[PDB]
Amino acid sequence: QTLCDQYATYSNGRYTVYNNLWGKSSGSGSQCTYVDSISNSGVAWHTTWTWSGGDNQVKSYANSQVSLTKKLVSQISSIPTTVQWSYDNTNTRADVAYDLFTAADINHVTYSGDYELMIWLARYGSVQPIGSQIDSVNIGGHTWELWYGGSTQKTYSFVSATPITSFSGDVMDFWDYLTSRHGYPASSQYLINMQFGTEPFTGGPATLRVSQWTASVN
């Protein structure tokens, strides 16, 4: 499908793709998302955007999403994921990131949570995560900046200083890290959403091509 409207979506079984221009009112621009291939083994998609204004506000988060059974984080065995992606124009202010939400209420809305976990595989330009940097950490064979902030929604962001365009990992390593070292309440939080996509601030035109994304919550 071709997805140019603000909340356009396409789903086929296990994976869903969204245009998700939730922050378009913060600036001026436009964005279209496209599904290239979709199956039980993974999804390929791309999104093209130009954005200006509201320099420190995210304009959108076009993304692919994996279907999951909502489970306590303490009961999840593994969250394997692999992704291959590229940007054609990197002279932008944007990130490429996983986004996960957890909540104590299993029926919480899925686009927010008690906690948000972001894993930024790339940071372009003068943009920064929510909150402030609290440390540099080593997880899964990579060094990450760890950021924390937010009020009603507590957001932890793990940021790679160098773009990782071919990534494989287990997101449970990041939940384990927060559980062990930052008191994250894994035994009372349900994982309710897992997504991968890009947050534009300003720039463009730029096309994120995701040649394959796979994920599973086990």
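So that there is no doubt, residue numbering starts at 1 and follows the sequence shown.
- Per the PDB record, of the two stretches 119 to 127 and 69 to 77, 69 to 77 carries the greater mean B-factor over its C-alpha atoms.
- Averaged over Cα atoms, the B-factor as recorded in the entry is higher for 144 to 152 than for the other of 97 to 105 and 144 to 152.
- Highest CA B-factor among 64, 33, 60, 37, as stated in the entry: 37.
- Of all the options 165, 41, 48, 193, the entry's greatest CA B-factor is assigned to 41.
- For residue 159, the recorded CA B-factor ranks within the lowest third of the chain. Only modelled residues enter the ranking.
- In the deposited entry, the Cα temperature factor of residue 134 sits in the top third of values across the chain's modelled residues.
- Placement of the Cα temperature factor of residue 212 within the chain: middle third of the modelled residues, per the deposited record.
- The deposited CA B-factor of residue 11 belongs to the highest third of values across its chain.
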